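A single chain comes next, written as structure tokens; it is the form deposited in one PDB entry.
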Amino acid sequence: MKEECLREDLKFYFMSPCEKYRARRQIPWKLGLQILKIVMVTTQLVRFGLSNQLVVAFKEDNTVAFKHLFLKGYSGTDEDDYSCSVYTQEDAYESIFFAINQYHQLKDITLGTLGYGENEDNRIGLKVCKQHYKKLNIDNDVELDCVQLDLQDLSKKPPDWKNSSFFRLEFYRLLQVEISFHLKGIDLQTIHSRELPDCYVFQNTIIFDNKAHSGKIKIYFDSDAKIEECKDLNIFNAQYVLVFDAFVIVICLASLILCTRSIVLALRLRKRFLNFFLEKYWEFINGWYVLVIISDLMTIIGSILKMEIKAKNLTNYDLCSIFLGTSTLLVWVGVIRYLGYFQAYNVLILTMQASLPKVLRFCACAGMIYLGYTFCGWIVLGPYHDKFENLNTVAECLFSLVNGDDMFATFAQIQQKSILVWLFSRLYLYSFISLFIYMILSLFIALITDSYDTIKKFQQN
């Protein structure tokens, strides 16, 4: 009865986990442990999110306060990736001297627990560095002159730094001016929970940048904040965030072992049935377990990166957040496997499998037209439209137009000063919107719907 054994095993392989508890009466660990994964991974993600939100909020608020304190005539919103700009030789001098003078008077201007930090040389002071082209008769070599203005020099009642030869900034040869200083802060919004609060160090840099030499000096403010140790503080669990992460690793490591077992054992079952079929005369490979394995790997990597982040007091979580969020997404998506055996919960996945070939084939022809339109729009409307300035911006604009978004602003944001470009823009926009939206969206939704219809008629036969 080896054929009996083989066919009974094949019957066991395809029955629902509920039915696998009737065929052989065994506990479904790969379902309870997966529910545990969902719960624990979601809790970990939410708690990580809340904590890093607090840290990011503190850093951003301090940066905004720094910009108000040190940038002259700062509205409150950044003009661009740069914060301020100046167009006159006297406005630039005013901005530079304002920054230096506001540094000099920090203790009487700041509304927070700020102080004077220390550079690598361990001195409380300010560094100003200018870059010029060496000398109409200019060379390509950049001269770099730096000065270190200490608080005792700045404090001098008849100040001398203002009349020094360093601050005579020939502007036709000037590339940039940098002001760098260090500040120490204390997060007092944590002390309400009995603890030693977090101490920060801010590496603040102000760049007055005219690399373009086009009349505008762009002013950049960058603050790099790191958590240091509170060396001067007297206020009259990391352990329990490292054991919860260890638990998540344990659950995910177990799920990797169970799922890898199934994938290996499923392949052996296919071998046993293929050999018989050749003797007498994909439904074996489960891609959901391939998804679970990737989820587990990403969760383990994210938990390890998060433990490393907390252990050495880091403040950059972009990679760890990406791993944790993608793992949580994949966990919630893999929940669908435990509703897919159900007789009326699988229309979506079946339709996706049906569609995928036809959908991919369709997107090839539409992709070529989309790429041609992207290149044409970037080359023609790029100088005259801000939704067509960069190739990725053109792609995003075209995708949104296919989804019918900002169609009137896109039409109306082109100026009629050039009539040729305006006419071309009208022709371009009406040809893409018409062609793409109507024809291509019709034929794409129609393919999906006919795949869904084919899936439902098999279900009904």
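A residue's number is simply how far along the shown sequence it sits, counting from 1. We call the rigid core whatever largest set of C-alpha positions still superposes within 1.5 Å between the two forms.
Across the other PDB entries of this protein whose models span the neighbouring residues, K280 goes unmodelled in a third or more.
Gap between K135 and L136: 4 to 9 deposited residues without coordinates.
Per the record, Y281 and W282 are separated by 4 to 9 deposited residues that have no coordinates.
Beyond what is shown, the protein has a form deposited in another entry; the following relates to that form.
The only C-alpha among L111, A311, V347, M368 that moves by 2 Å or more between the shown form and the other one, given a superposition on the rigid core, is that of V347.
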